[PDB]
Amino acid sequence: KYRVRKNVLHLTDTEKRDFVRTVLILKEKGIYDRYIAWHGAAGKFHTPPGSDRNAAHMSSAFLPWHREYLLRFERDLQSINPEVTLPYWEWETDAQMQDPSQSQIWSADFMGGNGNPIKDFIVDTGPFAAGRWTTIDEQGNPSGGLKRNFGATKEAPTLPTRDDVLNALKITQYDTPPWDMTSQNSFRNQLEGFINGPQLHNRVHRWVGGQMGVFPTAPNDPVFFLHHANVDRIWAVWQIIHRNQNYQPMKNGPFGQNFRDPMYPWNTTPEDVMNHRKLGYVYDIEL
């Protein structure tokens, strides 16, 4: 309950500065790199081998995997500056703006802005601009710059709306067999955004573009973590509203997807992270 994860649009200027500084330190110490790599690894871990499902996406473990990923990230932040917690990007309200790219999240003192079409959509403003911030490709080799291209695709010209979020919150089952991209009446799948896709979490990736657009190499962009903090909150809100439901599958899903299975690359189980308050943190909205 102690750590409070705040909306980005509410943070003081000094708070935004301290978050950025701490991420920059993490990167400099080489700690940031481990999080980009953990993510690419998990996506190449299919469950079972040959299938679409992987340790971190396109199945039941999606939500607990990323909650565990963010928890560890935030712990590392905390090591550097005990007063720093993970904010969340409330994309569904930015969606309501005339030009969501005008959002305060994209200012030069925070995330930086959109990509420069003259330079192949290389980002050149903000603390993460090419030259200030090195990036890595899928193979682990330098790629030479953060890229972004807001709303450029025909699939995802807009962020998801407050209605999309409310509607996913109405779903009664946490997931359904066969626990994959085709799962119907499934909260995990709806939030993941496959149903008439891309929606919700997937749609946000496509909207940002650049490294965010490609699931390996999505965490090269600090914004990845604000997006996933917002996804963690929506999940947290759902758990509150449907206190009677629990994670599924409890058993008989593919190994790595069940309630008491280790989530590659770690030993942590979905059970280990089910109660977000027992992990030491809460979202401002609860309070």
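Note that residue numbering follows the sequence shown and begins at 1.
The mean Cα B-factor in the deposited entry runs higher for 153-161 than for the other of 171-179 and 153-161.
Relative to one another, 143-151 and 95-103 have unequal mean CA B-factors, and 95-103 is the one with the higher figure. Looking at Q239, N252, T47, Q248, the one whose CA carries the top B-factor in the deposited record is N252.
As recorded in the PDB entry, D109 shows the highest C-alpha B-factor of the residues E74, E192, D109, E90. The deposited CA B-factor of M263 belongs to the lowest third of values across its chain. Remark: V84 belongs to the highest third of its chain, ranked by C-alpha B-factor as recorded. Annotation for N54: CA B-factor lies in the middle third of the chain's modelled residues. In the PDB entry, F215 places in the highest third of its chain by CA B-factor. Among all modelled residues in its chain, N185 ranks in the lowest third by Cα B-factor.
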